[PDB]
Amino acid sequence: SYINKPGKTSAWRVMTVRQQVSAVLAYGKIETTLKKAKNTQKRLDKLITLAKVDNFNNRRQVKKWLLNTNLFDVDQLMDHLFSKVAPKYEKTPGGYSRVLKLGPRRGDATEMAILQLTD
Amino acid sequence: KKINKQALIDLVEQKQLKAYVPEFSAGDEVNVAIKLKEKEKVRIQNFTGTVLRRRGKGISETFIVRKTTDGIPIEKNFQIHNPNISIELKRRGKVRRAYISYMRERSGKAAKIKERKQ
Amino acid sequence: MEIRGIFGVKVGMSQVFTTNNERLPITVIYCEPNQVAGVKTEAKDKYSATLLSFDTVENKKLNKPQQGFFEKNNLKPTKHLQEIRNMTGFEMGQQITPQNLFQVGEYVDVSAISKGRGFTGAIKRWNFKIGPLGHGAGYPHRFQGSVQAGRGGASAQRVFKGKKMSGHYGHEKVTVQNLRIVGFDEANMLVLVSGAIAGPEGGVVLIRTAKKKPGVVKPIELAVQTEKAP
Amino acid sequence: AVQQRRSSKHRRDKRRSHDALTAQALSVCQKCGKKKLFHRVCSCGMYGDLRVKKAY
Amino acid sequence: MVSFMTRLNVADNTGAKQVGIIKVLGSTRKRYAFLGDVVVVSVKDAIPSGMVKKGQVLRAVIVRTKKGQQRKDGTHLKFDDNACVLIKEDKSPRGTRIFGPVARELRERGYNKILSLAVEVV
RNA sequence: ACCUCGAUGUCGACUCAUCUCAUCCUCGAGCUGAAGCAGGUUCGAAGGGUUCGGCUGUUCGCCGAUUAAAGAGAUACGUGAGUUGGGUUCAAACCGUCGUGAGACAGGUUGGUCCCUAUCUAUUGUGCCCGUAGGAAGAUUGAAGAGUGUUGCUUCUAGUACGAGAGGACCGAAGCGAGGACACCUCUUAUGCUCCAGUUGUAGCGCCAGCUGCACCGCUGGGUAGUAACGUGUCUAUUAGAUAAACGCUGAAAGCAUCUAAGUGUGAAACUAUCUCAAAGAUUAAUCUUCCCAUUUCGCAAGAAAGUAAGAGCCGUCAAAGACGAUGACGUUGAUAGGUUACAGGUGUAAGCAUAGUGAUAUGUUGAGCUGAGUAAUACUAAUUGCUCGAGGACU
RNA sequence: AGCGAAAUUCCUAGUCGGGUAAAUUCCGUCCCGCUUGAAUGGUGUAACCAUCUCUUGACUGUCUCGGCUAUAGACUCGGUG
RNA sequence: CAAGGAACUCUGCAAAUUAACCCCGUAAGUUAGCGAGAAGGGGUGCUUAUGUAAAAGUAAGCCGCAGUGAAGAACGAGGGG
Ligand SMILES: O=C(N[C@H](CO)[C@H](O)c1ccc([N+](=O)[O-])cc1)C(Cl)Cl
Ligand SMILES: [K+]
Ligand SMILES: [Mg+2]
Ligand SMILES: [Mg+2]
Ligand SMILES: [Mg+2]
Ligand SMILES: [Mg+2]
Ligand SMILES: [Mg+2]
Ligand SMILES: [Mg+2]
Ligand SMILES: [Mg+2]
Ligand SMILES: [Mg+2]
Ligand SMILES: [Mg+2]
Ligand SMILES: [Mg+2]
Ligand SMILES: [Mg+2]
Ligand SMILES: [Mg+2]
Ligand SMILES: [Mg+2]
Ligand SMILES: [Mg+2]
Ligand SMILES: [Mg+2]
Ligand SMILES: [Mg+2]
Ligand SMILES: [Mg+2]
Ligand SMILES: [Mg+2]
Ligand SMILES: [Mg+2]
Ligand SMILES: [Mg+2]
Ligand SMILES: [Mg+2]
Ligand SMILES: [Mg+2]
Ligand SMILES: [Mg+2]
Ligand SMILES: [Mg+2]
Ligand SMILES: [Mg+2]
Ligand SMILES: [Mg+2]
Ligand SMILES: [Mg+2]
Ligand SMILES: [Mg+2]
Ligand SMILES: [Mg+2]
Ligand SMILES: [Mg+2]
Ligand SMILES: [Mg+2]
Ligand SMILES: [Mg+2]
Ligand SMILES: [Mg+2]
Ligand SMILES: [Mg+2]
Ligand SMILES: [Mg+2]
Ligand SMILES: [Mg+2]
Ligand SMILES: [Mg+2]
Ligand SMILES: [Mg+2]
Ligand SMILES: [Mg+2]
Ligand SMILES: [Mg+2]
Ligand SMILES: [Mg+2]
Ligand SMILES: [Mg+2]
Ligand SMILES: [Mg+2]
Ligand SMILES: [Mg+2]
Ligand SMILES: [Mg+2]
Ligand SMILES: [Mg+2]
Ligand SMILES: [Mg+2]
Ligand SMILES: [Mg+2]
Ligand SMILES: [Mg+2]
Ligand SMILES: [Mg+2]
Ligand SMILES: [Mg+2]
Ligand SMILES: [Mg+2]
Ligand SMILES: [Mg+2]
Ligand SMILES: [Mg+2]
Ligand SMILES: [Mg+2]
Ligand SMILES: [Mg+2]
Ligand SMILES: [Zn+2]
Numbered sequence: 002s003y004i005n006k007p008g009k010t011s012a013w014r015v016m017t018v019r020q021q022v023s024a025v026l027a028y029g030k031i032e033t034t035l036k037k038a039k040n041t042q043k044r045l046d047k048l049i050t051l052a053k054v055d056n057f058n059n060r061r062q063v064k065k066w067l068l069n070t071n072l073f074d075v076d077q078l079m080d081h082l083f084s085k086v087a088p089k090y091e092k093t094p095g096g097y098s099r100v101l102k103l104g105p106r107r108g109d110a111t112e113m114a115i116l117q118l119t120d
Numbered sequence: 002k003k004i005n006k007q008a009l010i011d012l013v014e015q016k017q018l019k020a021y022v023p024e025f026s027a028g029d030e031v032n033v034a035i036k037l038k039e040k041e042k043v044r045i046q047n048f049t050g051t052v053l054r055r056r057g058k059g060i061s062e063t064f065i066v067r068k069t070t071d072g073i074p075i076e077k078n079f080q081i082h083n084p085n086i087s088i089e090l091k092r093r094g095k096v097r098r099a100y101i102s103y104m105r106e107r108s109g110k111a112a113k114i115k116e117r118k119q
Numbered sequence: 001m002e003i004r005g006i007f008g009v010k011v012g013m014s015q016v017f018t019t020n021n022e023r024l025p026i027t028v029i030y031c032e033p034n035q036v037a038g039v040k041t042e043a044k045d046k047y048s049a050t051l052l053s054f055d056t057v058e059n060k061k062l063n064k065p066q067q068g069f070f071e072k073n074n075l076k077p078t079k080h081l082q083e084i085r086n087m088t089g090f091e092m093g094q095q096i097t098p099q100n101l102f103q104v105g106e107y108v109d110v111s112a113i114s115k116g117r118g119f120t121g122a123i124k125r126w127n128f129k130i131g132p133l134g135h136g137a138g139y140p141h142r143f144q145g146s147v148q149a150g151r152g153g154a155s156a157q158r159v160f161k162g163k164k165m166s167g168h169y170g171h172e173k174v175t176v177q178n179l180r181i182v183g184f185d186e187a188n189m190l191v192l193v194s195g196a197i198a199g200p201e202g203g204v205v206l207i208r209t210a211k212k213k214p215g216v217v218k219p220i221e222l223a224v225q226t227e228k229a230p
Numbered sequence: 002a003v004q005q006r007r008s009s010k011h012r013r014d015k016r017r018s019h020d021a022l023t024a025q026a027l028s029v030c031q032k033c034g035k036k037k038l039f040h041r042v043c044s045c046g047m048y049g050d051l052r053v054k055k056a057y
Numbered sequence: 001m002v003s004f005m006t007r008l009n010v011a012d013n014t015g016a017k018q019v020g021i022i023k024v025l026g027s028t029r030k031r032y033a034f035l036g037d038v039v040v041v042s043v044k045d046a047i048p049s050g051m052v053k054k055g056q057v058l059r060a061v062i063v064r065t066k067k068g069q070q071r072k073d074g075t076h077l078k079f080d081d082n083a084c085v086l087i088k089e090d091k092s093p094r095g096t097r098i099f100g101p102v103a104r105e106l107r108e109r110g111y112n113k114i115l116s117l118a119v120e121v122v
């Protein structure tokens, strides 16, 4: 068998986590698959904890993950994350995001999951 | 009843570690005195040469020394914390990596490492 | 014979340099003091064995039947129970450590559960040869090997029982014999055993007296580093 | 390879004997009462005591 | 680990520039030859003013290997080329001098003449 | 010419081997035109082993170098629903030869499509149900079994026994190996696609600097955990019993003799155990320990209505496990996973700034910064306050 | 005439030399060429060939000898079938 | 993919080496056209200055294991039918 689909390559995986992490930071909720939510949580938490000092080095580090969304660009998402979201989690010892399980999709039966920011 | 495996591993390694263990980077020339044992006595045989690598964490700390005799280059892997082995750093040199593999490819005037390091 | 046995948990593997100028790889085993939970006699049972208790745990993590047995026998609650054959000469309810059992450098054999590897093929399991890769080839490259014994009514016409094919590999008890004990650490309750021990780090391990060399003890002593400070 | 003999209607059911289904575990929501499958958010988006999503 | 039909250099004065292994002497299906091992070889590149001629089948012992071997203390000896010296039935070297360094593994398996005729042992 | 022409794929090679003994090596013994060493022949013995190459499609065969040995056969001259198609044997073309010819040749040469998703049985693994006569959780014995079993060199004994000499031991002991097997990743290596660093082109972040996407992971040098050998640990012993060939002691039938008939021995890598693994579905269903059942009424008792516990399962977090089941740890009375903190290992002095240089760039802050899985703490997040199954053991 | 163990030689793995540790293949030569041979042409020939055949340098997983990683399958779940 | 490098196989099948530009050098044979990109080698990055219409080049300096740093670019020699 040949001419197969490109597949869930490593580059595709990094882009998927990047896309989801930008959206959950913009809006605050993501409705994805459970196995995909369980992978974006690591990157989401890591980004938030490194963005607690708000120095220019941390902006360059965060910019390797954020992507343009509908509600914010790549430069106001920077301001939204570093001025609104991250300052809230100033003394929480990790665990800023929660993943909970919804029902199965009607057309796939895959287990859905909501990823949210725990206030 | 929590078991920190590394602490116990560190303790067994500490049973036979050495006190001084002088330091050297990748590109350094050292003099290693092997205390070879014959039927009787010891003949201190020197293996002065250039370091190529330093890997390991404890009793398993090893380093690579390269020498050239009669135009033939020979590389020899020593263990740092091994008895009857003495290491004496001679020249400290500048390299931009930890494993300088190209030294086993470059030879002659191009196999000389500039002094100084930080 | 006079078989002595102890249980411990493998924590990792290291090396030590020894006198006579040898570098000996060793395995490190954390050995809790084992408690003799039962003794079974030749006259009363038709065989002789000693059952000990080890790997102590709190009472709330143990099931009701087992904790009832432990409180009836007046023992420390432990979740692990196993016996060794032909182990005699120990009173019930006595703490046993390898220092009283084995010598400094005697030969012992060790049994442990091998590291699980799952469903492996014939080549990785039975050390079979791989078919040719070039010069023209076919769909089966990693072939197990023809299982034909005889075609026709006058011959077997069946694959013989116990054939060597793919299947489960790993997670199986295996014993390595004639391993020399290197050192004892009373304070840390830590036994040093030469060679490599099967099983993942943290699994259970049984150390027994070697049946090939029961009383043989080969001397071994470590090296003292004379390295003077600068 | 193909069956040289047809499989009857009895061997077929014997093989299907292991195709039976299992009833997924269900529980009761603690604020509205409808049955929901265990360890998952109900239809109102109210899991435990935390309002997760807006009501259906 | 020098193997069957491997071209390697000769570190002596005998007129042989390239030598090929024929059999790894010592047992049946002896896969490799490590330091100190004896092999049967054939001279393939020789010189006019040499004691050996091209095409002769002879017996040699290996002294150097690119792969190298590990000693008991843990030291790993590693050269950059496979080398052998031509020996006689009695185990005495055929050449009058030995070029380059030689290993110590020869000393256990006799070969006292090669070491004494070597430049420096390693 | 009995089966098969409504199809039984035919040489050789590769992989996997199994069986027989008419035994090539190893093991034991008798005889020798057997001094010793090395042989010859016969008997017993199938446990293991029985090499790599050159030429040929080759089997065969000759030759080369080793080995203790390079055994003889059978299994559809084993093995194409396992591989190959070099050979034979399609269509093409030529040579020699035959034929007036189209054409032909176990004469030669070049080229030339090898399909199938496994239903039953057989086998390697892993499960559900039920039984084992109350239920459940643990620990066992072992009926019937499976796996391994190869051997060389050096030293000593001892230049002793023997032998004019030359040469050169049996028995026994030690050391070092080859092949095979099991396990492991300290050491040496290979790999290590969300790790580090260097770096090219192009498109973006409005520009510099600094990053991102793509170009085999873009390329290159290293590399954590894991997986493996080319790596390093172990095994490939020993002993007992009954014996084959063989040798016996004591002894008659047959006053002698005689290994045998009674009695009593010796005796091999073969056999039965000792070694490793699995094993009570061993229905012939075994043994031991612990825990939980021991209600109110009606009538009908291995009866009813309700009513009583150990435990197990569903679900969730998982990995010492793993195709899926299962195995194992945990589920708030918790460190199971993620996150955080600290550290290890790895990479190799980060960005920014300052100095120097005309610039590329170097120097100092700086063993700095970064880091997938690794270590250990920390309930911050996810393992909810849930549901179901489950017991009084007939009588002799 | 030329050529000749040949895309031709049965005997034949013909003799000898070279190439290799070792050469039923290859190169040169020898000639009882069973049955070569001159326009169904004979003998040579520079260049050329997805032609055949043999030796060789570098090169490499073709192999000693197998091992690791990533995708798409296979495998599990839902739908068609 | 370490060491070996055709030991594999009917056969180096397949895979691997070389690969662009510039500068040196290039044999036997021949129908004198070729052989021939023969074979065999070297340099390539960035900065400054000099060079030009632009270059190419030249000189000095700097960095890296590696400078058509990634993509696309001929493996070769000898004998025979
Ligand atoms: O017909 C075939 N085989 C026939 C079956 O009748 C039979 O097995 C056969 C095989 C080989 C053979 N031969 O080598 O001459 C003759 C018949 C195959 Cl060619 Cl499909
Ligand atoms: K037929
Ligand atoms: Mg890509
Ligand atoms: Mg095909
Ligand atoms: Mg293929
Ligand atoms: Mg039959
Ligand atoms: Mg029959
Ligand atoms: Mg029906
Ligand atoms: Mg089914
Ligand atoms: Mg007939
Ligand atoms: Mg008839
Ligand atoms: Mg028939
Ligand atoms: Mg039919
Ligand atoms: Mg068929
Ligand atoms: Mg016989
Ligand atoms: Mg036996
Ligand atoms: Mg050849
Ligand atoms: Mg026949
Ligand atoms: Mg056949
Ligand atoms: Mg046969
Ligand atoms: Mg026949
Ligand atoms: Mg078949
Ligand atoms: Mg076949
Ligand atoms: Mg096929
Ligand atoms: Mg068939
Ligand atoms: Mg053919
Ligand atoms: Mg073909
Ligand atoms: Mg035709
Ligand atoms: Mg005619
Ligand atoms: Mg049975
Ligand atoms: Mg390690
Ligand atoms: Mg820029
Ligand atoms: Mg015996
Ligand atoms: Mg006996
Ligand atoms: Mg008598
Ligand atoms: Mg019955
Ligand atoms: Mg964890
Ligand atoms: Mg800096
Ligand atoms: Mg003539
Ligand atoms: Mg002529
Ligand atoms: Mg010919
Ligand atoms: Mg010849
Ligand atoms: Mg041919
Ligand atoms: Mg000829
Ligand atoms: Mg003619
Ligand atoms: Mg004429
Ligand atoms: Mg004519
Ligand atoms: Mg001609
Ligand atoms: Mg053509
Ligand atoms: Mg897919
Ligand atoms: Mg489906
Ligand atoms: Mg390689
Ligand atoms: Mg090489
Ligand atoms: Mg072959
Ligand atoms: Mg060959
Ligand atoms: Mg090709
Ligand atoms: Mg040419
Ligand atoms: Mg000719
Ligand atoms: Zn609700």
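Residue numbers (the authors' numbering), protein chains in the order written: chain m, 2 to 120; chain o, 2 to 119; chain b, 1 to 230; chain y, 2 to 57; chain j, 1 to 122.
Beta carbons are placed, not taken as given, at the ideal position from N, Cα and C, and that holds for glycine.
List the DSSP bridge partners of b:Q35. b:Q35 has b:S53 and b:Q95 as its beta-bridge partners, per DSSP.
Using a Cβ-Cβ cut-off of 7 Å, state whether b:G12 counts as contacting chain o. Chain o, which has a Cβ nearer than 7 Å to the Cβ of b:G12, makes this yes.
Say whether chain o places a C-beta atom closer than 7 Å to the C-beta of b:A223. For b:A223, the answer is yes, since a Cβ of chain o falls inside 7 Å of its Cβ.
Nonlocal neighbours in the same chain, by C-beta distance under 8 Å from b:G118, ignoring five residues either side: If the five residues before and after b:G118 are omitted, its C-beta is found closer than 8 Å to the C-beta atoms of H168, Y169 and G170, all from its own chain and listed in chain order.
Between the Cα of j:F4 and the Cα atoms of j:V85, j:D12 and j:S42, which residue gives the shortest distance? Distances from the CA of j:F4 to each of j:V85, j:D12 and j:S42 were compared; the closest alpha carbon is that of j:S42.
Cutoff 7 Å: j:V63 Cβ touching any chain o Cβ: Not closer than 7 Å to any Cβ of chain o, the Cβ of j:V63 fails to qualify, so no.
What span of residues does the alpha helix (DSSP H) with j:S116 cover, start to end? Here the alpha helix (DSSP H) through j:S116 covers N112 to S116.
Going by CA-CA distance only, name the one from o:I73, o:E41, o:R92 and o:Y100 that's closest to o:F64. Among o:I73, o:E41, o:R92 and o:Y100, the Cα nearest to that of o:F64 is on o:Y100.
If you run the structure through DSSP and keep just helix, strand and coil, what is b:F128? It is coil, neither helix nor strand.
Please tell me whether j:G36 and j:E105 are closer than 7 Å, where the distance is taken between their beta carbons. Judged by their CB atoms, j:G36 and j:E105 are nearer to each other than the 7 Å cut-off.
Is the segment 26 to 37 of chain m close to the segment 99 to 116 of chain m, with three or more CB pairs under 8 Å? Put simply, the segment 26 to 37 of chain m touches the segment 99 to 116 of chain m. At least three CB pairs are less than 8 Å apart.
Proximity test, Cβ basis, 7 Å: o:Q17 and chain b: Closer than 7 Å to some Cβ of chain b, the Cβ of o:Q17 qualifies, so yes.
Who are the neighbours of o:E14 on chain b, taking C-beta pairs under 7 Å? The answer, in chain order, is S14.
How many whole angstroms separate the CB atoms of m:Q117 and m:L68, which I take to be in contact at a CB cut-off of 8 Å? The Cβ separation is near 20 Å, so there is no contact.
State the DSSP-derived secondary structure class of m:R14, mapped to helix, strand or coil. DSSP, reduced to helix, strand and coil, places m:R14 within a helical segment of the structure shown.
Given a limit of 7 Å on CB to CB distance, which residues of the segment 67 to 86 of chain o reach chain j? Residues passing the 7 Å Cβ filter: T70, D71, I73, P74, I75, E76, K77, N78, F79, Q80 and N83.
From what residue to what residue does the beta strand (DSSP E) around o:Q80 run? Boundaries of the beta strand (DSSP E) around o:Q80: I73 to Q80.
Looking at the unbroken beta strand (DSSP E) that takes in j:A60, where does it start and where does it end? Unbroken beta strand (DSSP E) run through j:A60: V57 to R64.
State buried or exposed for b:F160, treating a residue as buried only when at least 16 other CB atoms are found within 10 Å of its CB. With fewer than 16 Cβ atoms within 10 Å of its Cβ, b:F160 is classed as exposed.
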